[PDB]
Every structure is written in structure tokens, then in C-alpha cells.
Amino acid sequence: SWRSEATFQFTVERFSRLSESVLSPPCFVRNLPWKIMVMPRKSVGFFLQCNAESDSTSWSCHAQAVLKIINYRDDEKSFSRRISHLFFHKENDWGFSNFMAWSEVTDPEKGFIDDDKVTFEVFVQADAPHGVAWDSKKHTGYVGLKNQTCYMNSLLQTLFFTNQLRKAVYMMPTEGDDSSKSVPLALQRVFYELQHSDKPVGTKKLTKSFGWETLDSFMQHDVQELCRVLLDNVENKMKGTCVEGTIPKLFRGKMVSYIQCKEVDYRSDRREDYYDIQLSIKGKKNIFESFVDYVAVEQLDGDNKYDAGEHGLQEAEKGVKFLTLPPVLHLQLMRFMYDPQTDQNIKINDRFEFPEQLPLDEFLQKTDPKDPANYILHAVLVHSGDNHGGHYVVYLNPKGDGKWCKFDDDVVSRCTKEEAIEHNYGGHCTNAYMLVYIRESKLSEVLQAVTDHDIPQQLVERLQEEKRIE
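- This entry lists X-ray crystallography as its structure determination method and reports a resolution of 3.2 Å.

If you want it as C-alpha cells, here you go:
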């Protein structure tokens, strides 16, 4: 019943003498009544109805479709069109008002009719729908998150599925604490339930630990910061525990920003750590072109001339260079910027392409054979709306096997590659802003095996008490 797609027919007898709208007998997909509609307007109507008879206002299903009119003389001569649409009561029906010229669907000389009967065919491609109890933990084995903290959910999951971090986090000494203050703890919950629950997991108490309340302290930052609040937070806690320095060992990299005055002999090198990488896009085509630009060399002149002390203002070069690329690579694409002419905080939906395999040791001044620097796509945080608000999802293939899933809040579905990748490449309206890549040699480690027997014990217990009390 809850199939992911299908095809169904509906034939209208006594057509020419038609006066009103005819609803077909329901076909089910994703557990929803998808019906066909035919009504004149002279032209021939053709739409697809979707669970229009349900009262509810809290439900939604997206879907592709092929409204097809069969040719009783040859199938390849049939006339059909394509439609994509978001369905929900207020707009439970989509299609075409001028689906075909009535004078052509009635010309007995070209098939479409026989006994003045016309046969309509509709191939629907349904996604998982919200507001209709979707047992994520069933046809995905993965559970979801509620609400939408905006981008926090995506980040949360993206993190949960960074296994090595997960175990390490579990193993924290979170006893002497206060269940509403302790972030590490407040995260140990999410992670735990995120694993054992069958019902949406409640961000609720985590959202408090940072202070990020009321939700404008969510729009007042971005993934990067949250990632850095949660993360950095968890380590000053892993600071004396057998799982010490786990985070940097997973996400940290050593960068180098330099300067070497052109005419005079003076250089200034500064290695800095880094837990992510902000890549530019506006004007670039793919990731490989972003790195190229990132490691381009900026000249200092005019007002930009370099402050050189005993040398005074001088002419120099300035640029950055990588020394090491983390095991886990957080790449944030800058699509969110401040327009010049407006006062607007605008989003750039231009087209940017990321690949499944990333070649990257050719951007370090010194590479190490035996241990290349090649990452593989692991997560794609998407966002929709040319507006700075909207909706946050996140695609992943948790065990890095190439098998994907969409974590749209409490609706985790199985999906194709071209849906997480080739589908989030901008658009000249819905796309990706962040990415997670894991190095090819450290995959198996970063994505270790999870067992109910990794979580402390006394922890499963504390998490238990609090869940008996009131």
C-alpha cells in the first residue's frame, strides 16, 4: 500500500457528450488516495488529485508524475506531460487546464477515442509525506527529529552519523551534572534516543543548553557556530577522559597564512588550526575551482600595503596553504551573503557542483603517499528558498556505502543518489550549503560499528531515571 510509486488507469465513457468533472476511483501510493480528474473548459482538462477528501490541514506529500492519454492505435503516439508539485489540502490538485485541444482528442482519425471513450493514465512518483505517521525507523531503520532551530536538526543528525564521535561522546563522564545545564549530557540524550527511538527525537532540552532560545539565536548564527558550540563544548569534557582530543583528531586541520614582501626580505608565516573550510562559489563552477581560488595569491598595495614595522608599509604577497586535511571535512559553501543595493541578507542559488570522490592532496604544499588526501561525500545539508528562511533537510549515506537517505525532520526516507547529489547543484531555488567528506583511508574508522553495548551503562540508567520522574 505504502509503495513509492505506481501507474493507474481511468477511462471516461461517453466523452464527447461531457459536461462536468469526473473523479476517478482512487489508487494508493505512500498510503494516500491519488485520483485522476477530467473536466472540459473548448479544451480537455487533466489533473491529479491527492488525498483531497481528507479533512486534515497538517499533511504534505511531494511527487513527480506523467499524465498520459492513451492512443488506441499505438502507445508511442499517446500524448502525455510531466508534473512536479507539493500537495496539501489548500492545493490538493495539480495538472493542466488546457491539457489538450478538445478538437484533437475527438478527431476519430487519430486514435484517442473509441466508443467515444478516452483512457487516462497517470504514473505517480511519490516521496514520503508528512502528517501521516511515517515510521521512519522501518523502511530506513533510521529515526527522525521533530519541529524545525532551523539548520540545527540537519547538523545534529550529520553529527550522530559521525560514529567515531558518537561512541566517544557516549563514553563521557557526565554524572556529576545538572540535566538542564550540561550540554554534553543534553547531547547524550539526543544521540541515545536518536538510536533507540521509533518516534521523533526531541531537540527541546538541547536547544536550551546553548541558551539558543526563542529561535532568533538560531537565525543569528549558522551551522559552523553551532557545530563549534556543541563540539568544542564536548571536549572540555573529554579533557581527561580516555577519549581525549577525539574531536580535533576527527575534524582539526593545520593551515598557513603567509606574507613575503616583494622588494624587501621579510616573511610572516602563521599556522592556524581549522575545523571546517569556507569555500567561495559565486563565479566558480565546482569545488575544485573553489579550492584553486582559495589558494590564489593576494597582492598587497594602495591601502592594502603591508604593515612591516622597521620596514614600514611595504609591498608583499599574502595567501594561505594547507598542511593537513582532517579525517572529517566540513565544507561550508557561501551562498548566504549581504546584497550591496538593498540592506538584504541574500542567498545565492547559483549552480555549484560537488563530487562523490574528492581529490585534494594537490592543495597541500607537502603530501603523504600511502595516505593520500581523498575524501568521499557523506552528507549534504540542503536549504530551500531564495529567502533567508525556509526549510532544512540533510541527505546522508551513514555507513558511507553509497546508499542514501533523506532526513527531512521526522521523515527519514530512502532516496536515490541523483536526489542527494546531482539534485542539489544550485539552479538558475533549492540547494546545498554545507558538505561532509571523509578521507578514503579513514572511512572504516570514522564510521565504526555501533552497539547497544558501547553506551556506558550507568548512563543508560541515568537517562532512565530522569525518564520515570514526572
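### As for the sheet that holds strand 12 (residues 270–274)
Here's step 1: With antiparallel pairing, the 4 strands of this open sheet are ordered in space as 12-11-15-14. Edge positions in the sheet fall to strand 12 and strand 14 (298–300), since each has one partner strand and no second. In this sheet, neighbouring strand axes are inclined to one another by 25° on average, regardless of whether the strands run parallel or antiparallel.
Here's step 2: In the sheet, strand 11 (residues 253–259) pairs with strand 15 (residues 316–322) via 5 bridges, with the strands oriented antiparallel.

### Details of the UniProt feature "active site" in the chain
Here's step 1: Mapped onto the present numbering, the UniProt feature "active site" falls at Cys150 and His391. For this annotated set, covering 242 residues, all C-alpha atoms fall within 7.2 Å of each other, a compact arrangement in space.
Here's step 2: Non-local contacts of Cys150, meaning those with residues more than four positions away in its chain, are made with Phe218, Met219 and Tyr392.
Here's step 3: Once you skip the residues sitting within four places of it in the chain, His391 turns out to touch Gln148, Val382, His383, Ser384, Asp408 and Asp409.

### Observations concerning the state of the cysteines
Here's step 1: Across all of its chains, the model carries 0 disulfides by this definition.
Here's step 2: Considering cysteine sulfurs only, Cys227 is the nearest to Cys150, which forms no disulfide, with 16 Å between them.
Here's step 3: For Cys227, a relative accessible area of 4% corresponds to the buried category.

### Examining the environment of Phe112
Here's step 1: Structurally, the position occupied by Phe112 is in the loop between helix 1 (102–105) and strand 10 (118–126).
Here's step 2: Along the sequence, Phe112 and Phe96 sit 16 residues apart, while their C-alpha atoms lie 18 Å from each other.
Here's step 3: Those residues in contact with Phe112 that sit more than four places away from it in its chain are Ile69, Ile70, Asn71, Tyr72, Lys77, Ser78, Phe79, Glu104, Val105, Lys117 and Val118.

Cut-offs applied
Residues numbered from 1 in each chain as written, not as in the entry; some residues may be left out. Heavy atoms only, no water. Pairing = 2+ DSSP bridges. Helix = DSSP H or I, 4+ residues; strand = E, 2+ residues; numbered from the N terminus. Axes fitted to C-alpha atoms, helices over the stretch in contact; angles between N-to-C directions. UniProt positions renumbered as here; feature names shortened; annotations may be inferred. Contact = heavy atoms within 4.5 Å. Disulfide = S-S within 2.5 Å. Buried < 20%, exposed > 50% of the residue type's maximum accessible area, 1.4 Å probe, protein only.

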